[PDB]
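Accompanying notes for the structure given below.
Order of listing sets the numbers, starting from 1, for every ligand and every atom in it. Each chain gets a letter, A, B and so on, in the order the sequences are listed, and its residues count up from 1.
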Amino acid sequence: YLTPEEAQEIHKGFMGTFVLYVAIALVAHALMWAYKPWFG
Amino acid sequence: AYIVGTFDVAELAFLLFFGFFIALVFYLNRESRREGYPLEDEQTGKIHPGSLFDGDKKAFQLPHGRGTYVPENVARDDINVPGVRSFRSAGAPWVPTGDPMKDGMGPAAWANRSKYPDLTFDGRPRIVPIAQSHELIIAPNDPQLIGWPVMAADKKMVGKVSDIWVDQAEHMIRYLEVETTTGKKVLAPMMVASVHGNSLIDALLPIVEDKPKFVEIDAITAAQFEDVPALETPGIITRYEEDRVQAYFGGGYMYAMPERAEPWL
Amino acid sequence: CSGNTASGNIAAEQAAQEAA
Amino acid sequence: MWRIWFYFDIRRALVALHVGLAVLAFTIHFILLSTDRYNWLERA
Amino acid sequence: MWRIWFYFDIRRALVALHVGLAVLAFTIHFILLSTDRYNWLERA
Amino acid sequence: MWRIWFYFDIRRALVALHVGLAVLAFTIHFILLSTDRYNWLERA
Amino acid sequence: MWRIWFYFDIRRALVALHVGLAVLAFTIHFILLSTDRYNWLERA
Amino acid sequence: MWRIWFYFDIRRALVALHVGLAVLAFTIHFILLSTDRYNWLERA
Amino acid sequence: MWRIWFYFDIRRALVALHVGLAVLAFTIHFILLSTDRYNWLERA
Amino acid sequence: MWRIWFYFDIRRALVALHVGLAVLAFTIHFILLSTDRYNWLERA
Amino acid sequence: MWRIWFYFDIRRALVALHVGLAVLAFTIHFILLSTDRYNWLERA
Amino acid sequence: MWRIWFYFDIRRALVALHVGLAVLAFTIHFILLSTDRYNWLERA
Amino acid sequence: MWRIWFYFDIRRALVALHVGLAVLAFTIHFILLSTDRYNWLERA
Amino acid sequence: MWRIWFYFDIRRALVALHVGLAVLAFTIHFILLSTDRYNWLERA
Amino acid sequence: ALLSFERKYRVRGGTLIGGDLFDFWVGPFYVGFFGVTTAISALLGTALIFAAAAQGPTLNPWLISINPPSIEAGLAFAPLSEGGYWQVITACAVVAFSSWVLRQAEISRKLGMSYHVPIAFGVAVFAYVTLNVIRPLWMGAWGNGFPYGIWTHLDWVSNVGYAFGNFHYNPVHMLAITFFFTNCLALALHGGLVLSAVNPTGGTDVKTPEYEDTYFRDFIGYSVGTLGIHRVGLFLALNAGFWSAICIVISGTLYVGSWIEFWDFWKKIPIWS
Amino acid sequence: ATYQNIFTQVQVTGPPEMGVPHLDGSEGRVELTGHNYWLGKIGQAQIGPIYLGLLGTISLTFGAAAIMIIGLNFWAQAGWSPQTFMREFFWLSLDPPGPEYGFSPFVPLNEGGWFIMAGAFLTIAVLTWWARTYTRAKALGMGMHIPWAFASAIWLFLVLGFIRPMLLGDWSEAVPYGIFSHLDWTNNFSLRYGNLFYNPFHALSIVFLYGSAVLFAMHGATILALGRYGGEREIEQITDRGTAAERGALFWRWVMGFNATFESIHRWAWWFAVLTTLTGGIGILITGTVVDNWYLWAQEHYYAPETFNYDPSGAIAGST
Ligand code: BCL
Ligand code: BCL
Ligand code: BCL
Ligand SMILES: CC[C@H]1c2cc3[nH]c4c(c3C)C(=O)[C@H](C(=O)OC)c4c3nc(cc4[nH]c(cc(n2)[C@@H]1C)c(C(C)=O)c4C)[C@@H](C)[C@@H]3CCC(=O)OC/C=C(/C)CCC[C@H](C)CCC[C@H](C)CCCC(C)C
Ligand SMILES: COC1=C(OC)C(=O)C(C/C=C(\C)CC/C=C(\C)CC/C=C(/C)CC/C=C(/C)CC/C=C(/C)CC/C=C(\C)CC/C=C(\C)CCC=C(C)C)=C(C)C1=O
Ligand SMILES: COC(C)(C)C/C=C/C(C)=C/C=C/C(C=O)=C/C=C/C(C)=C/C=C/C=C(C)/C=C/C=C(C)/C=C/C1=C(C)C[C@@H](O)CC1(C)C
Ligand SMILES: COC(C)(C)C/C=C/C(C)=C/C=C/C(C=O)=C/C=C/C(C)=C/C=C/C=C(C)/C=C/C=C(C)/C=C/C1=C(C)C[C@@H](O)CC1(C)C
Ligand SMILES: COC(C)(C)C/C=C/C(C)=C/C=C/C(C=O)=C/C=C/C(C)=C/C=C/C=C(C)/C=C/C=C(C)/C=C/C1=C(C)C[C@@H](O)CC1(C)C
Ligand SMILES: COC(C)(C)C/C=C/C(C)=C/C=C/C(C=O)=C/C=C/C(C)=C/C=C/C=C(C)/C=C/C=C(C)/C=C/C1=C(C)C[C@@H](O)CC1(C)C
Ligand SMILES: COC(C)(C)CCC/C(C)=C/C=C/C(C)=C/C=C/C(C)=C/C=C\C=C(C)\C=C\C=C(C)\C=C\C=C(/C)CCCC(C)(C)OC
Ligand SMILES: [Fe+3]
């Protein structure tokens, strides 16, 4: 935002949500790799 | 399919349209000859006779009881222009003797327009300061422009914006009033004003930017702002005064600095 | 325009391409 | 690292990022649907 | 997490989300109908 | 549950909801009429 | 409830309702006329 | 050398750089998909 | 009830009503002329 | 009754009525000319 | 003669002359390239 | 004879004369090049 | 002689000269590539 | 008669005349070149 | 200084190249340096057109056709009688059109106007360059260009269009056609509105722009305004030209085959099939 | 740095303007008004109000009827399937009656009766829209230039749909109601009658369409370049010549040696636009009725090329 504290809180929320998103995508990609690998 | 000999219906229609189109071209030329004609000699100013295919003069019934126009009766410009030919030939350009912006030569030239303001359909002055308009306001999400700094062609800050003039008929900004450092208030056409800090792409761009919000006028320099033609009556601008101001600003793209009149090379 | 001649291009199209 | 938010507005950045992510995800899913190998709907 | 509702207007986010979700559901149902495996209406 | 009204225009919400309902209902009826199994007009 | 007329102008509502009903009735009659089972004008 | 940031605004610079990187990466991935040697979706 | 005329101008209502009646009557007469059963001009 | 002239200008109504009557008469005459049974110009 | 410079400026005349010389030289070189006798690139 | 310079300025006259001479010379040279008899480049 | 730079701006002259040199070099390289004798990429 | 110069400016008359003479001469020469009877370049 | 107001506007300056060297008029025409280049290139192109015609089967202006070299000749400079005349005329036309754009820019500068007209004409110049320079270069032969003949370039258009099945199925062609039709409708509307404003009926006075706004709001419920109509017309015309150039440039280089088969992509969308 | 008069930088908003009063007996405008900010970037942001008299009501009702007929025939052609509707929309068509019916007004509904009904209602709607533009011009004391420009397009439309099929006695010559189907009709029309390129009136209509594109490009560019001097305020420049009109005339006089006036340019534009459809309708009307092979007609008039004039085999081969 404007002050460092608001920016740090926004970064904390963004990083947490991004980590959750990446974890879900990683689980999905791992399941797909177990099902049908795309690197023979 | 033939009418007689090798003549047919399609050929007859084509020839009829060809003749009609020749007649239409002649008529369009006649209509195009209503302003600025007859022609005159480049040096002596001797007026040419006139077309054999010309008809009657055109009369425009003006609104607001202003009478008739008759564009064929518009007074011809004075043959003596404030300039001297670069070389003695019919095609040579004129070099202005003094200040082209003050004298009205080339891009700074103006026409002798009517000395009364344009009016709305009900008779009110068309171009007025936004306070005198009928409940006309700037768009809330658009720049307010009031108090913004004004940049000149030489990158100097000539002054600030003190008023906004709008067209009461077309609902458009026509002039910005600029108060200079000396305190003089001058009118500047909105068509020579670049508004900065209000880019659509920048708004789309997900950035936090403190871009300077100002108005740039690159037509004329900061000093030249002190010679903008003035208004005879406050809050009212005539067609002649509009032409004067617009010509003064438009001629700056050639005459504000000497380099603007020089080739790139 | 290329650095070849029209005759050379035509000969190449005929012999090297359309004839073999 | 947090200072990134002193330059980019969070609301507009999130909106643009989510629009781009939606476009990319739909593109990838349709590309996978196109292929015979990764089509998950036509056959059993 | 709840602070999100300080940066996005709920009155527009809800409308956009609902419209997009309806379009997505329509598209998915149509895609399923276009396949013989998942068409639930053409056969008994 | 009632807190969705002091800020959402009941007029626009109702208009959009009924437009969507009409579109969905017409789409579903047209699909059933296009199927030989559920068509109710061509055969007794 | 009559309070629906506090939020909806009945001139616009009536005009829209009568236009929509005319379109719907024309559509239904057209569909019925298009079927051999319900066409009432082709044969005795 | 940090001095370059005196002559360039890193906000617009980053936006343009990310747009260019996105275009380049999508182009390279599409070109790789075009070739039969590096296509990774059609076959096993 | 006569109160219907407190919200709709009789001139506009009559014009719209008669335009709609004209379209309907022309459509029906054309449809009847389209059928051999009801065409009253082709044969004796 | 005569009160119909309190709501419709006689000039506009007369012009519209006569234009409509002309169009209708021309349409009917053309339709009759288009039929073998009622054509009065091609055979004796 | 030197008096030609009293009617034409050297600075502009040099630019115009060099542009013309460039176009002429390119035309002549391309014309030479089009002939088998003088083409120096296609064959040894 | 010298009085022609009382009616035509030397600058424009020279410019037009040299434009015309260039056009004519290029035209004649191209026409000669197009004929087998006067083509000085194709054969020895 | 530096007299030239009194009548020609060095910046404009350099820009024009480099543009012309770039176009000429690209033209010559493309012409050399077009010929089998001088093409340096197609064959070993 | 010399009095024709009281009505026609010599500068405009001479320029119009020579443009016309040029166009006519080029037309005649081009027409002659087309015919094999009068072509003077194709054969000896 | 022919027009009654022209004399004060005929000043020096505003040239991009040449300065005072060619800064003069010849009758109504301003020349400048790019006027000299335009004159030379255009006169040479016309003279070479007629020189190549005199070498051809006929001098009938309908049937005169200056043809490009054969496709087998590739992108080489052909002999003049075998397509070289077409190549020289193409170069002359390119030079003439570019010089026309630059002369328009100089004249705009002299009158204190912006560069709208040179850019607008440069769009059409780009369309021509795409037709007869860029597309043959991409396709690998000058024989892909259209001939310089009044009725033979129509034959070129017909045959190129039918080489792709039905050229109506090119979607960029559809877009360009839509822009052309909308432009002609808009031009009709704008000319008619201006003329009806300045030529009133019933003995009434000349109208104000409020009358034009009122007329188009009573007609279709919206009025674009006096500035908006010129902006929209310029947009429509420029888009028509640009998308014409794009539609021709992609056919034969990027897309090869029948344009009708292209629309088989629509039937394969999994939403409806 | 330099404003280019392409987008409005700052917009002026206010109460909606309902229009000048009518000089005739009009019912009263329907005061449904709106504001679009993005339209104000190019032109005027105000939407509405609207006028809905007798003519507007008739036009809207009959056009709605015709469009409903065409759309319901499309739905029937799709088997009432929305997915088939979407898939085949470009290929859906309401086709005219076959040649066995001649120009009979009595065709079975599924064999061309709906086509005839839709054509009738569309023609009624178009004619009432023309009458509406005439009455709207009359109500403000304005000229009839727009009604005549619209009449030219209506002339082409009626020649395509009714007049030419009537003269040939064949409903099958009419244009089908469909996206790809009417393009196919255009191509087939060119194919059966030789080659429509050699129709001199088709060439004239192309000349005028091209010239209208040229004229709008030039005129819009000139007006926008003259925004510094109030060029877009053309009514006042026509009735009181300013420096914008003088500069606009002088630009084109210095470019091509001749120029128009601020009024004459709009006459040029109007005539080019009108002549496009006028020549198009004339050329279509004489095709088949008067001339059946336009290439043969061109051969008789010494403007049909042969292979010894130009051989297009190379151009075809390049495009394959
Ligand atoms: C073989 C496949 C199965 C099937 C497999 C599934 C699966 C798997 C799912 C569904 C789900 C749904 N199915 Mg199902 N479904 C089948 C067949 C049908 C048929 C039918 C014609 O037979 C209908 C009407 C439905 C309807 C539905 C919805 C009730 C629901 C998706 C709507 C939703 O909540 O998201 C839309 C989201 C919103 C927020 C709606 C937005 C609110 C709007 C703006 C207000 C309403 C207006 C208007 C009605 C909007 C509709 C317009 C159009 C959709 C554009 N299904 C067949 C039998 N179906 C989903 C579900 O359970 O959701 C909870 C789900 O996961
Ligand atoms: C079989 C035909 C014979 C032949 C038979 C005759 C006969 C018979 C006559 C001539 C005449 C002329 N012939 Mg010869 N002539 C032949 C072949 C040639 C060839 C050549 C192929 O190289 C040339 C250059 C000429 C040249 C000429 C001219 C010197 C002369 C026309 C004078 C004139 O007023 O020009 C007109 C041009 C101008 C007035 C303008 C000045 C030209 C300058 C250079 C500008 C050029 C303009 C530019 C190219 C394009 C601008 C066009 C418009 C202005 C827009 N002939 C062949 C061999 N010729 C005529 C003559 O003697 O007249 C006195 C004449 O009666
Ligand atoms: C294979 C294709 C053929 C061809 C076959 C035809 C045929 C057939 C025709 C043309 C016609 C034309 N052709 Mg062609 N044409 C060819 C190639 C070309 C080429 C090119 C290659 O560059 C060009 C530039 C053209 C250009 C043109 C136009 C000049 C002309 C139509 C313009 C017009 O006025 O808009 C179209 C404007 C209208 C149709 C007027 C519409 C006005 C009405 C009132 C609008 C009603 C709309 C309604 C209310 C909306 C709701 C409707 C409902 C949804 C149903 N053709 C080749 C040779 N062409 C037409 C013509 O007139 O030329 C003689 C014509 O009939
Ligand atoms: C928005 C794109 C559209 C457009 C724009 C438009 N046209 C324009 C302009 C604008 C804005 C100008 O400012 C400019 C102008 O100044 O007009 C008065 C012009 C113009 N549009 C012109 C023509 C034109 N525009 C065309 C198209 C279009 N113009 C578009 C559809 C067409 C088509 C469709 O073919 C025609 C024929 C000229 C009237 C003029 C350009 C004047 C010019 O280029 O001056 C050079 C001087 C000459 C004497 C011409 C060069 C002579 C050649 C060297 C010889 C002939 C070579 C040619 C290739 C022969 C082939 C002909 C065969 C195909 C028959
Ligand atoms: C509202 O403002 C406007 C106007 O007026 C105010 C307009 O006039 C206009 C212009 C529009 C019109 C007048 C309507 C008519 C225009 C139409 C139909 C479109 C253009 C089509 C045409 C066929 C017109 C003619 C076009 C041409 C290119 C003709 C050009 C002819 C010639 C001879 C050009 C010669 C000039 C040069 C080569 C450059 C200078 C060089 C020389 C003089 C050579 C010198 C040397 C020698 C040897 C003589 C517009 C657009 C406008 O918006
Ligand atoms: C080709 O590939 C195909 C086949 C298409 C497959 C690909 C598909 C893809 C890529 C799809 C991706 C989808 C996706 C990727 O995120 C979807 C996400 C969906 C989400 C996040 C849905 C969320 C819904 C939330 C809802 C409905 C919340 C509603 C809340 C409401 C209305 C609350 C109201 C309230 C309540 C109750 C109390 C009151 O007092 C006051 C108030 C507070 C107002
Ligand atoms: C698919 O399509 C087909 C195949 C056709 C099948 C389907 C067909 C369908 C669905 C059709 C549906 C039709 C329909 C569905 O409601 C029709 C309704 C018709 C109605 C309501 C008609 C009503 C008419 C009333 C009339 C004419 C009244 C006139 C009154 C007048 C002129 C009065 C004037 C007056 C008088 C004297 C005195 C003054 O003091 C006051 C004043 C008042 C001025
Ligand atoms: C050719 O193509 C084929 C054949 C497909 C091949 C090629 C494919 C290619 C090139 C693909 C490239 C992809 C790419 C390249 O970067 C993707 C990047 C994805 C990224 C960075 C995703 C990031 C996601 C982050 C998310 C979802 C964050 C959400 C945060 C939220 C919502 C926080 C809210 C908040 C909270 C909770 C509390 C408040 O107090 C403060 C506040 C902050 C408000
Ligand atoms: C279908 O088409 C074809 C097949 C061709 C068949 C049809 C053909 C047809 C229909 C043709 C019809 C032609 C026709 C139908 O009238 C012709 C008429 C011609 C006439 C009237 C020509 C007259 C010429 C007069 C001339 C040249 C006079 C010149 C005078 C001059 C220059 C005097 C100058 C002067 C002088 C010295 C001194 C000054 O003090 C005063 C001043 C005065 C300045
Ligand atoms: C969503 O679903 C619904 C149903 C609600 C809406 C559907 C809307 C849709 C999808 C509509 C789609 C329409 C489309 C795609 C139409 C396309 C039409 C095209 C491209 C047409 C092109 C040209 C048409 C022409 C030129 C037609 C001209 C016809 C004329 C002039 C006919 C005249 C007929 C007359 C005068 C009737 C004579 C009657 C008679 C002879 C009996 O008496 C005189
Ligand atoms: Fe205009």
Quick one: nearest non-hydrogen protein atom to [atom], plus distance?
atom: atom 24 (C) of ligand 2; value: L:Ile28 CD1, 3.7 Å
atom: atom 52 (C) of ligand 2; value: N:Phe26 CE1, 4.0 Å
atom: atom 37 (C) of ligand 9; value: N:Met1 N, 3.9 Å
atom: atom 21 (C) of ligand 2; value: N:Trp40 NE1, 3.4 Å
atom: atom 45 (C) of ligand 2; value: L:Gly20 CA, 3.7 Å
atom: atom 36 (C) of ligand 9; value: N:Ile4 CB, 4.4 Å
atom: atom 33 (C) of ligand 2; value: N:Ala25 CB, 4.9 Å
atom: atom 44 (C) of ligand 2; value: L:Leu21 CD2, 3.8 Å
atom: atom 40 (O) of ligand 9; value: N:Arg3 CB, 3.0 Å
atom: atom 51 (C) of ligand 2; value: O:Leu43 CD2, 4.0 Å
atom: atom 59 (N) of ligand 2; value: N:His29 NE2, 3.3 Å
atom: atom 44 (C) of ligand 9; value: N:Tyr7 CD1, 3.6 Å

Right, does [atom] have protein non-hydrogen atoms nearer than 4.0 Å?
atom: atom 19 (C) of ligand 2; result: no
atom: atom 38 (C) of ligand 2; result: yes
atom: atom 28 (C) of ligand 2; result: no
atom: atom 22 (C) of ligand 9; result: no
atom: atom 7 (C) of ligand 2; result: no
atom: atom 15 (C) of ligand 9; result: no
atom: atom 42 (C) of ligand 2; result: no
atom: atom 56 (N) of ligand 2; result: yes
atom: atom 64 (C) of ligand 2; result: no
atom: atom 61 (C) of ligand 2; result: no

*Rounded to the nearest 0.5 Å, how far apart are OH of L:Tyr7 and CG of N:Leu14?*
10.0 Å
Report the relative orientation of the aromatic rings in [X] and [Y]; use parallel for angles under 30°, tilted for 30 to 60°, perpendicular for over 60°.
X: O:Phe179; Y: O:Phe235; result: perpendicular
X: P:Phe208; Y: B:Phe21; result: tilted
X: N:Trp2; Y: N:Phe6; result: perpendicular
X: L:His29; Y: L:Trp40; result: perpendicular
X: O:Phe33; Y: O:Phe22; result: tilted

*Answer yes or no for P:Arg267 and P:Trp270: cation-pi contact, defined as NZ/CZ to six-membered ring centre under 6.0 Å and angle to ring axis within 45°.*
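The answer is no, since P:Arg267 fails at least one limit relative to P:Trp270.
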*Cation over ring, P:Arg247 on P:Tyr229, under 6.0 Å and within 45°?*
yes
*Does a side chain donor of either O:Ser81 or O:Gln55 reach within less than 3.5 Å of an acceptor in the other side chain?*
yes
*Check whether the side chains of O:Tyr148 and O:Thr90 place a donor and an acceptor atom closer than 3.5 Å, and report yes or no.*
yes
_Residues forming a side-chain hydrogen bond (donor to acceptor under 3.5 Å, both in side chains) with O:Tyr222, sequence neighbours excluded_ =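 O:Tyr222: no side-chain hydrogen bond (donor to acceptor under 3.5 Å, both in side chains) contacts found.
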*For the Fe ion (ligand 11), what is the closest N, O or S atom on O:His190?*
NE2
Side chain proximity check, [X] to [Y], heavy atoms < 4.5 angstrom:
X: O:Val95; Y: K:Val23; value: no
X: B:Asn29; Y: B:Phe53; value: no
X: B:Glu11; Y: P:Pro200; value: no

*Please state the angle at the Fe ion (ligand 11) spanned by NE2 of P:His219 and OE1 of P:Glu234: what is it, rounded to 10 degrees?*
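About 150°, to the nearest ten degrees.
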*Looking at N:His18, which atoms of ligand 2 are within less than 4.0 Å of one of its heavy atoms?*
39 (C)
_Closest to atom 49 (C) of ligand 2 among L:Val23, L:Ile31, L:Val19 (heavy-atom distance)_ = L:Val23
*Exceeds 12 heavy-atom contacts within 6.0 angstrom, atom CZ of N:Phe8*: no
